[PDB]
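Asker: coordinates for the following, if possible.
(16 chains, ligands or ions: 11)
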Amino acid sequence: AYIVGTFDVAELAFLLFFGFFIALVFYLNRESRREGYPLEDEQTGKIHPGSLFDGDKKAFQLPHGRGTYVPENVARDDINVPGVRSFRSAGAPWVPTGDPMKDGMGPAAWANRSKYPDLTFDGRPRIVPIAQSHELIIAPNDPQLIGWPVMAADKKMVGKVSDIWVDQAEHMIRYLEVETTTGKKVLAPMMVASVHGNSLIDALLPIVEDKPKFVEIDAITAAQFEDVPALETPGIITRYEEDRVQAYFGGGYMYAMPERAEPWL
Amino acid sequence: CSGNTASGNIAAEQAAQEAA
Amino acid sequence: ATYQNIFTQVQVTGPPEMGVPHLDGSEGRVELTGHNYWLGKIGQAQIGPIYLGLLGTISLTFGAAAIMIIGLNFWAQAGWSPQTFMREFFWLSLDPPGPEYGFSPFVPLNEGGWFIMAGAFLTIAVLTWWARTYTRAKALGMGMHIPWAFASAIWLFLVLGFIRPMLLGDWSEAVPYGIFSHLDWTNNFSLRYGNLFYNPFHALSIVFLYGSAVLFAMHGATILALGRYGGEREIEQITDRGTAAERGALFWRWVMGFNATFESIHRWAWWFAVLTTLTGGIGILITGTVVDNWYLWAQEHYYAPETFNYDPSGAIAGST
Amino acid sequence: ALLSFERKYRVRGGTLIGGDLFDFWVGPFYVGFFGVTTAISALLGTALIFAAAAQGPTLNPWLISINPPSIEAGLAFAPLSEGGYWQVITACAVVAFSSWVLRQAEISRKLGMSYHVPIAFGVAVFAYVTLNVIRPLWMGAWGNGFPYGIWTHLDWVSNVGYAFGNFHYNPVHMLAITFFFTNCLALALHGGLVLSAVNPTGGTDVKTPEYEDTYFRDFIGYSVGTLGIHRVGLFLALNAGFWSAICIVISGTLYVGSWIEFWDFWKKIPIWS
Amino acid sequence: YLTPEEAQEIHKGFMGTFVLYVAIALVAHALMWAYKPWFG
Amino acid sequence: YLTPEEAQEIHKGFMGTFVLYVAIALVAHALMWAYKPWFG
Amino acid sequence: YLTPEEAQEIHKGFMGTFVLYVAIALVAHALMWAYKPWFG
Amino acid sequence: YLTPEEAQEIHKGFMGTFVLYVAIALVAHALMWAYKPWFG
Amino acid sequence: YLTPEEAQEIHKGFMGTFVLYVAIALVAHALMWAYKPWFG
Amino acid sequence: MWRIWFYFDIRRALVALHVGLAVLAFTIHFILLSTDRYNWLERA
Amino acid sequence: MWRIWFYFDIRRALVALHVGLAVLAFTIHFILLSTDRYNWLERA
Amino acid sequence: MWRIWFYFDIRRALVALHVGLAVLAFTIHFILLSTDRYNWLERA
Amino acid sequence: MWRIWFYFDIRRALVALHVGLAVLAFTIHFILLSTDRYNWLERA
Amino acid sequence: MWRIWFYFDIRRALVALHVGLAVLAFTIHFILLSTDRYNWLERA
Amino acid sequence: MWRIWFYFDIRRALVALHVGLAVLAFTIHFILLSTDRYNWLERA
Amino acid sequence: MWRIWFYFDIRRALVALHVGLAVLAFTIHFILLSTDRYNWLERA
Ligand code: BCL
Ligand code: BCL
Ligand code: BCL
Ligand SMILES: CC[C@H]1c2cc3[nH]c4c(c3C)C(=O)[C@H](C(=O)OC)c4c3nc(cc4[nH]c(cc(n2)[C@@H]1C)c(C(C)=O)c4C)[C@@H](C)[C@@H]3CCC(=O)OC/C=C(/C)CCC[C@H](C)CCC[C@H](C)CCCC(C)C
Ligand SMILES: COC1=C(OC)C(=O)C(C/C=C(\C)CC/C=C(\C)CC/C=C(/C)CC/C=C(/C)CC/C=C(/C)CC/C=C(\C)CC/C=C(\C)CCC=C(C)C)=C(C)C1=O
Ligand SMILES: COC(C)(C)C/C=C/C(C)=C/C=C/C(C=O)=C/C=C/C(C)=C/C=C/C=C(C)/C=C/C=C(C)/C=C/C1=C(C)C[C@@H](O)CC1(C)C
Ligand SMILES: COC(C)(C)C/C=C/C(C)=C/C=C/C(C=O)=C/C=C/C(C)=C/C=C/C=C(C)/C=C/C=C(C)/C=C/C1=C(C)C[C@@H](O)CC1(C)C
Ligand SMILES: COC(C)(C)C/C=C/C(C)=C/C=C/C(C=O)=C/C=C/C(C)=C/C=C/C=C(C)/C=C/C=C(C)/C=C/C1=C(C)C[C@@H](O)CC1(C)C
Ligand SMILES: COC(C)(C)C/C=C/C(C)=C/C=C/C(C=O)=C/C=C/C(C)=C/C=C/C=C(C)/C=C/C=C(C)/C=C/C1=C(C)C[C@@H](O)CC1(C)C
Ligand SMILES: COC(C)(C)CCC/C(C)=C/C=C/C(C)=C/C=C/C(C)=C/C=C\C=C(C)\C=C\C=C(C)\C=C\C=C(/C)CCCC(C)(C)OC
Ligand SMILES: [Fe+3]
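Answerer: Numbering: from 1, shown residues only, chains lettered A, B, ... in the order given. Ligands and ions are numbered 1, 2, ... in the order given. See below for the structure:
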């Protein structure tokens, strides 16, 4: 069973796989370095040289004649952020100078996405109001959601639901259009919306219950609904606008009220 | 962890249980 | 109060989507479609349509033949009694030919011939299913990652069923077709060859199976936690980096000091899953053919413990 | 602020305990209060592992084994050389894992994410706690826990499994194994599908999710979707861990004997016998 | 249902069927007790 | 309910059902005690 | 709850229920002590 | 809380409850010491 | 805190409580040493 | 007493009650079959 | 005291109470069956 | 002492208190059942 | 000094303190039960 | 010195310090319980 | 009594009843076959 | 020498230093406790 001395076939196979796995780990690290690299200094923003084991840049052939992506060429974020360090150290956090939700700091930060909408495989806009979709309807036994009241994080009724935006590719609700008290229509992600009065257990429970059917959005308060980013073109939302709206709502879990940023103690 | 010592538990297992 | 992205609250229904057109010469999809409301709670409610080309027809026919052979042998083993069938189902088994036949292809039907026939038809079905996944990927212009991942599992399957028995010249080394019988085969295989824990490739395959469970838990949790920012739309995040990709990278960078990309994480997952069965097949193939006692082999390589390292008598005594 | 987009995300807040006291980073690592607790507990556990190893028969990393006290010692705190080291390391590991869960929760809050990752890791933490805390407590002795050794805990697994005849006949063990295998198949499928979508062949462009839906409907007649696949993978992995913990916790406490004899219940069902 | 009258009719039907069910079960349990008592 | 009068209807119905349930349980427990006491 | 007056009613109800619960527990513990004391 | 009056009330209530708790614990510990001392 | 006066007052309170804590610990340790010394 | 039906739907309550009654009856009958004393099929 | 019904919905309260009572009663009956003193099916 | 109802919501406090009381009572009853001195079901 | 309640929420502090007290009391009671000297249930 | 409070907040430091003191005291007490010389519960 | 058909759909009640009754009859016949007393096929 | 504070902030430096000192002290005390020669608790 021995090849030479104490060397055997099983040991040779194990050592070969160990070397292969080291090489695979190096390759996986190279693949993981394609976004956000090279690193930069925390204060001065000086860019680090780059890995000795890096290869060529990766180019993605985009559909719909949108060209090439090249994630290594994505523009680096501006070094000047709207904030000031809590203490002068490389590891200190940044305290936002103004409104973090408006300026895009921390949980409210957004990325510079493409300024055109996502498209279906045939070139139609992917995310559209349910009326503009191709015969897409809400499930008859599911909540209609149209005209339902909307509750904010401060338990105030910001307004009602006036429209539903669906993904034409994935067949999923993506955004709910909310008309507020002032009459402004804003988009709210469906992933921050809790639908009440449609519990599976409650349906299983043999009860006659007049539970209030409404939509609760606890990310942001009723006033903040008046500062949701708007759309450049009606019926169309771009990747950048999607990121803007999602960041604005997601940052509310920290910034809607000051207490949301404080420790439990 | 109990309020006994390991030596006490071992002695109880040996004498009070395994020896009588 | 807070949506947790576990179940879809409101489902969108419409006409069934029949799929993007094929770029090659395909016969045409069989437009048998359905809708399951409860599957739409987790994922997509649409069932179908299906594609049934030459490869699908061959795979279905040969797998039906193999399954019919195994089931009819189960019925014969039960004496054609439905009650005995139900009572002994877990213990029913189509067993390989005994050691006196070696690896001969000519065994009497009741002594192992049906076993060989079922293995042949099952192998044909599995290979045609792999060819079908390859052709389905080719027809859409997609990559061949799924065919290679399936090839790894097929490699383990073929090592278990054909390649290792062929190398040893013994049909009796193969896995029987049965619920409890193939578990018994697993246990006996570990027992005769020392202890399969000390097979380094079995340990590697366990490492990769554990790591795949870890990776899916982490990746699914990260994606669902990023649903507020469109994390599950991974194709667009890979080709146009959004705040979901940035947050996903930064979470794990702040947790463990390093991170992947939205594409690199799927490479990690694919490699862990593939390496599980690759190392498993390698370890099984060398067992008996190369190494007959894995505990002795571990002793020679200074990683086999003794009683003065750890004595498991107490653990056995507790469990009685 | 190492990554080209990292700086804007490094803000204060989102801590559960400590506030601004430990709200900072050390290199890539966020610390927080639970990072401090994790560092202390993990470093102490590692140092005590090696201190107990230095007192043992060997320093070979394969053969190092920190063993629990004897079964006769019961649930008492043993002397360090007689299993007390194992107990202190177990407490340190429990504290470190809980602090890791809480630090993950703090980091999730800082990035505006939900608590999916801390809960998912807490499932595995519960599995470990069941293995080395709950099961020994229920069984009445710390000697039922597995040793802290790379190859000796495999010996513990083998001997505990064979103490019940064939551990393959535990039905909860069957369920956990099924979840593990299905998870690995699902991970292979998901990684392969994503990679094939973003790495096309034949000079074609990067695909859309419609292509993934079409591929899996042409393959097996059903596609779960982009959200559904991550939901199902999380479900499979968490179920594998939880049912592993359940299967180990019931063997030796609720069920004692051979797991093969358990399946004699099936043969006694009056429908077929 | 909604009005008291429908609720009262539903209660009447439910109570009648429940009484019939309980009477049948009582006869069966009495026959079993006469056959094999479970309180020695 | 919500009014002090209708909530009293709910309370009196709950108390009546609870009293009947407790009386049945008391009879069963007394019969068991006469049959096989668990104290003494 | 918001006003002290309704909070006082909540407190009165809670205290009455607590007193009843503690009295029942005390009677049970006294009976258990008369049966099998745990000190001595 | 916010006003010094509410802080004073909260502190007084907490201190009184703490003193009652400590006195009960002291009585229990004295009884246990008279029963089974742990020093000697 | 933020100003020297407030920081010094915080230090005074913290050090008073710390001195009380250390004095209690010292009394307990003296009692244990008189009971069972761990040196010598 | 009839007001119970102002809170609980009759259809769902009847379905759940009948499912529970079926489960309970089958459980009791199988338990009786298990016992030697009340087994009514094996012996004469 | 009826005022408790202001703070609790008696529909879900009744459902939960009945589920808990069912679990408790089944547990007690099974425990009684486990003991040889109170088993009422095995022997006469 | 009634001021405690100005800080804690009554419904959640009652639910948590009753859950804790149930767990404590079941634990104590099971511990008593485990002992031979206080087991009330095994022997007369 | 009531200054503490200006910097610590009374509700959170009370919840944490009572959780800690419960865990400590249960630990001490279980430890006392584990010893033959102080066990108050096994023997008369 | 008092200037240590210019870099660390008293409210958070008190919580962290008391958590550490609790864990340390429990560790020391358990270590004492493990020795026959100082165990005060197993024997008289 | 006939008003039942205002609260339950006959088109589903009939299907469920027939399927359940068929399963019950199959189970009872199999149980009878499993006993030597009532097996009507194994012996003349 | 004081210029080390030009490169390391006092807060993180103090936190890391005290974490390390705690780990080292606990390790050394445990190692001493594990040896018979330096165990100050087991014997008189
Ligand atoms: C033979 C040894 C002696 C003994 C020798 C000494 C010596 C010497 C000392 C003490 C001191 C103490 N002893 Mg003593 N002590 C003994 C036995 C006991 C027993 C017992 C059950 O028998 C108890 C309850 C105590 C209690 C105490 C504390 C009041 C005090 C702990 C220090 C402190 O305040 O910081 C702890 C700081 C905290 C903030 C603790 C907070 C606790 C909270 C409420 C609990 C929450 C934690 C967790 C969630 C709950 C428990 C979890 C698990 C138990 C881990 N001792 C035996 C009888 N003891 C020390 C002292 O007086 O210092 C002031 C001291 O120097
Ligand atoms: C007493 C039991 C032994 C033991 C004996 C064995 C034996 C023997 C083997 C393993 C193998 C493995 N063991 Mg082991 N193993 C032990 C204890 C463990 C423990 C533990 C205690 O925690 C763990 C985690 C493991 C883990 C593992 C896995 C890592 C590995 C198989 C994973 C896999 O890829 O799925 C299984 C995946 C497949 C089998 C691929 C299947 C793909 C094909 C194409 C599917 C066809 C399906 C068909 C079309 C469906 C229709 C069929 C008809 C109905 C008939 N073992 C102990 C030591 N173990 C295997 C291995 O490879 O390791 C070296 C193996 O052969
Ligand atoms: C002879 C051996 C027996 C057998 C006896 C047993 C026994 C005994 C056990 C199992 C258990 C398992 N067996 Mg088995 N098992 C057998 C055969 C098999 C086969 C096979 C193909 O034959 C397979 C696939 C399995 C598979 C399994 C799994 C279901 C399970 C292990 C997974 C798990 O617990 O995850 C759960 C994950 C964890 C417990 C890990 C938690 C991780 C912690 C929280 C984090 C660690 C951090 C770490 C320190 C960080 C350091 C990293 C860096 C240094 C920083 N067994 C045979 C029959 N098996 C175990 C189980 O189910 O219990 C849990 C169990 O105890
Ligand atoms: C769904 C259940 C599954 C699961 C989930 C999973 N694992 C996870 C996560 C998730 C979701 C994380 O978020 C977390 C993570 O952050 O990974 C990067 C993690 C993790 N999974 C890990 C390991 C791991 N998971 C395991 C299992 C599983 N993980 C499951 C099967 C296994 C197995 C099967 O044993 C391993 C070894 C780590 C990589 C990481 C946890 C990081 C952590 O706990 O940080 C603490 C810091 C340390 C330095 C460790 C503590 C040091 C100890 C005090 C000393 C060692 C004590 C130990 C008991 C010695 C014994 C070892 C011997 C057995 C050899
Ligand atoms: C799609 O989104 C996703 C990603 O990127 C976008 C991902 O990267 C990821 C992550 C996945 C990967 C990168 C793939 C690789 C991961 C794998 C194989 C699984 C994990 C296993 C591993 C072995 C990785 C390493 C794990 C660890 C726990 C290492 C931890 C190491 C260290 C040193 C932690 C130190 C930190 C602390 C103790 C807390 C802070 C405290 C301090 C700094 C101490 C301070 C004091 C002093 C004295 C220094 C996922 C899941 C994802 O979904
Ligand atoms: C360890 O474990 C063992 C070994 C078992 C030992 C321990 C055991 C332990 C701890 C057990 C503890 C038990 C316990 C601890 O409280 C039990 C309490 C039971 C209680 C309170 C039962 C109460 C029942 C009340 C019932 C059934 C009321 C029903 C009322 C109904 C259905 C009323 C309906 C209505 C009517 C008619 C008219 C409408 O207009 C209004 C409306 C209202 C809709
Ligand atoms: C190793 O382990 C063993 C073996 C056990 C050995 C070691 C043991 C060790 C170390 C133990 C250490 C223990 C310890 C170390 O500090 C304990 C401290 C306990 C303390 C401080 C307890 C304090 C209790 C205070 C209580 C209960 C106060 C309650 C107050 C209440 C409920 C007040 C409510 C209120 C009222 C009425 C009115 C409102 O207007 C305002 C408001 C305020 C809402
Ligand atoms: C180790 O473990 C063992 C072995 C078990 C040993 C140790 C055990 C230990 C340490 C146990 C410690 C226990 C303990 C340590 O404090 C227990 C304390 C219990 C207490 C304080 C119980 C209090 C109960 C109060 C109750 C039920 C009150 C109910 C009130 C109700 C339903 C009121 C409803 C209402 C009514 C009517 C009217 C409405 O208008 C207002 C409203 C209010 C809705
Ligand atoms: C451990 O376990 C062992 C060893 C077994 C020991 C323990 C055993 C234990 C705990 C068992 C507990 C059991 C239990 C605990 O409550 C049972 C309760 C049973 C009950 C309430 C049964 C009730 C039945 C009611 C029925 C069947 C009513 C039917 C009404 C119908 C169908 C009416 C229809 C209608 C009509 C006609 C006309 C329309 O115009 C209006 C309309 C209305 C539509
Ligand atoms: C209801 O009744 C009917 C009959 C209608 C249906 C019955 C259906 C039932 C009940 C089926 C039950 C099937 C079960 C329970 C099967 C379980 C199988 C299990 C658990 C198998 C596990 C492992 C099997 C393996 C690994 C098999 C591998 C076999 C291989 C790779 C064989 C290869 C053979 C070859 C290549 C043929 C060579 C032919 C030759 C040598 C002559 O020429 C080259
Ligand atoms: Fe993914």
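
Asker: quick one: the strands in chain D?
Answerer: Using DSSP state E, the strands assigned to chain D run over residues D:25-26, D:29-30, D:65-66, D:148-149.

Asker: can I get those strands in JSON lines with distance to chain P and mean neighbour count?
Answerer: C-beta coordinates here come from the backbone N, C-alpha and C atoms, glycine included. Formatted as JSON lines, the strands of chain D follow (distance: least, CB to the nearest CB, whole Å; neighbours: other CB atoms under 10 Å in any protein chain shown):
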{"stretch": "strand D:25-26", "distance to chain P": "7", "mean neighbour count": "19"}
{"stretch": "strand D:29-30", "distance to chain P": "11", "mean neighbour count": "22"}
{"stretch": "strand D:65-66", "distance to chain P": "12", "mean neighbour count": "25"}
{"stretch": "strand D:148-149", "distance to chain P": "15", "mean neighbour count": "24"}
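
Asker: got those strands as TSV, with distance to chain L columns?
Answerer: Supplementary listing: these in TSV, determined by distance: least, CB to the nearest CB, whole Å:
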stretch	distance to chain L
strand D:25-26	36
strand D:29-30	32
strand D:65-66	32
strand D:148-149	31
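
Asker: give the contact list for residue D:37.
Answerer: With contact set as CB atoms under 8 Å, 6 or more residues apart in numbering or on different chains, residue D:37 has these partners: D:95, D:96, D:99.

Asker: which residue does chain E have closest to chain B?
Answerer: Nearest residue of chain E to chain B: residue E:40, at 39.0 Å (CB to the nearest CB).

Asker: helix, strand or coil for that residue?
Answerer: When states are read from DSSP: H, G, I helix; E, B strand; the rest coil, the local structure at residue E:40 comes out as coil.

Asker: my guess is residue D:43 contacts residue P:23. True?
Answerer: Yes: when contacts are counted by CB atoms under 8 Å, residue D:43 is listed as touching residue P:23 (4.4 Å).

Asker: what's the burial count for the residue of chain E closest to chain B?
Answerer: Other residues within reach of residue E:40, judged by other CB atoms under 10 Å in any protein chain shown, total 7.

Asker: what of residue C:226?
Answerer: The tally of other residues near residue C:226 (other CB under 10 Å) stands at 32.

Asker: phi and psi next, for it.
Answerer: The main-chain torsion angles of residue C:226 are listed as degrees, to the nearest 10 and equal phi -100, psi 10.

Asker: tell me if I'm right that it and residue C:249 touch.
Answerer: No: contact between residue C:226 and residue C:249 fails when scored by CB under 8 Å: they sit 10.7 Å apart.

Asker: gap between the residue of chain E found nearest chain K and residue J:35?
Answerer: Relative to chain K, the nearest point of chain E is residue E:38 (4.7 Å; CB to the nearest CB). Note on residue E:38: its distance to residue J:35, by CB to CB, to the nearest Å, is 10 Å.

Asker: what is in contact with these two at once?
Answerer: Between them, residue E:38 and residue J:35 have residue K:41 as joint contacts when contacts are counted by CB under 8 Å, 6+ apart.

Asker: now the helices for chain J?
Answerer: Per DSSP state H, chain J carries helices over the ranges J:10-34.

Asker: so how many other residues sit close to whatever residue of it ends up closest to ligand 3?
Answerer: When CB to the nearest ligand atom is the measure, chain J has its nearest residue to ligand 3 at residue J:27, with 30.3 Å between them. Applying other CB under 10 Å, we find 11 residues neighbouring residue J:27.

Asker: now do the contacts for it.
Answerer: Shown in contact with residue J:27 (CB under 8 Å, 6+ apart): no residues.

Asker: roughly how far apart are it and residue B:2?
Answerer: Counting by CB to CB, the separation of residue J:27 from residue B:2 is 41 Å.

Asker: same question, residue D:27
Answerer: 43 Å.

Asker: between those two, which is the more surrounded one?
Answerer: Neighbours of residue D:27 and residue B:2, each counted by other CB under 10 Å, are more numerous for residue B:2; the result is 23 against 11.

Asker: which SSE is that one in?
Answerer: Element membership of residue B:2 [criterion: DSSP states H and E] is none; it lies in no helix or strand.

Asker: could you do residue C:7 as well?
Answerer: Secondary structure assignment for residue C:7, by DSSP H and E: no helix or strand.

Asker: now for the residue nearest to it when sequence neighbours are not counted: which residues touch it?
Answerer: Ranked by CB to CB, 6 or more residues apart in numbering or on different chains and with sequence neighbours excluded, the top spatial neighbour of residue C:7 is residue C:41, at 5.0 Å. Remark: with contacts taken as CB under 8 Å, 6+ apart, residue C:41 is in contact with C:7, C:8, C:11.

Asker: how close does the first one get to residue C:146?
Answerer: In other words, residue C:7. Residue C:7 is 28 Å from residue C:146, by CB to CB.

Asker: contacts (any at all) between chain J and the helix or strand harbouring residue E:11?
Answerer: When elements are defined using DSSP H and E, residue E:11 is found to belong to helix E:4-35. Yes: using CB under 8 Å from any CB of the partner chain, helix E:4-35 comes into contact with chain J via E:4, E:7, E:8, E:10, E:11, E:14.

Asker: next, count neighbours for the third one.
Answerer: Counted with other CB under 10 Å, the burial measure for residue E:8 works out to 14 neighbours.

Asker: that one reaches residue J:2, doesn't it?
Answerer: Yes: counting by CB under 8 Å, a contact exists between residue E:8 and residue J:2, whose distance comes to 4.7 Å.

Asker: next, count neighbours for residue 24.
Answerer: Using chain A. Residue A:24 - counted by other CB under 10 Å - has 15 other residues nearby.

Asker: was after chain J, sorry
Answerer: The criterion is other CB under 10 Å. On that basis, residue J:24 has 12 neighbouring residues.

Asker: which ones are touching it?
Answerer: When contacts are counted by CB under 8 Å, 6+ apart, residue J:24 touches no other residue.

Asker: any idea how far residue K:29 is from it?
Answerer: With distances defined as CB to CB, the gap from residue J:24 to residue K:29 amounts to 11 Å.

Asker: ok, now which ones touch residue 35?
Answerer: Since you didn't name a chain, this refers to chain A. Applying CB under 8 Å, 6+ apart, one finds that residue A:35 lies in contact with A:71, A:74, C:241, C:245, C:249, C:261, C:262.

Asker: wrong one, chain J
Answerer: K:41, K:42 are the contacts of residue J:35 under CB under 8 Å, 6+ apart.

Asker: wait, isn't residue C:12 in contact with residue A:136?
Answerer: Yes: in this structure residue C:12 lies within contact range of residue A:136 using CB under 8 Å: 5.6 Å.

Asker: shared neighbours of these two, anything?
Answerer: When CB under 8 Å, 6+ apart defines a contact, the residues bordering residue C:12 and residue A:136 alike are A:130, A:166, A:171.

Asker: any of those buried? List them.
Answerer: A:130, A:166, A:171 (16 or more other CB atoms under 10 Å in any protein chain shown).
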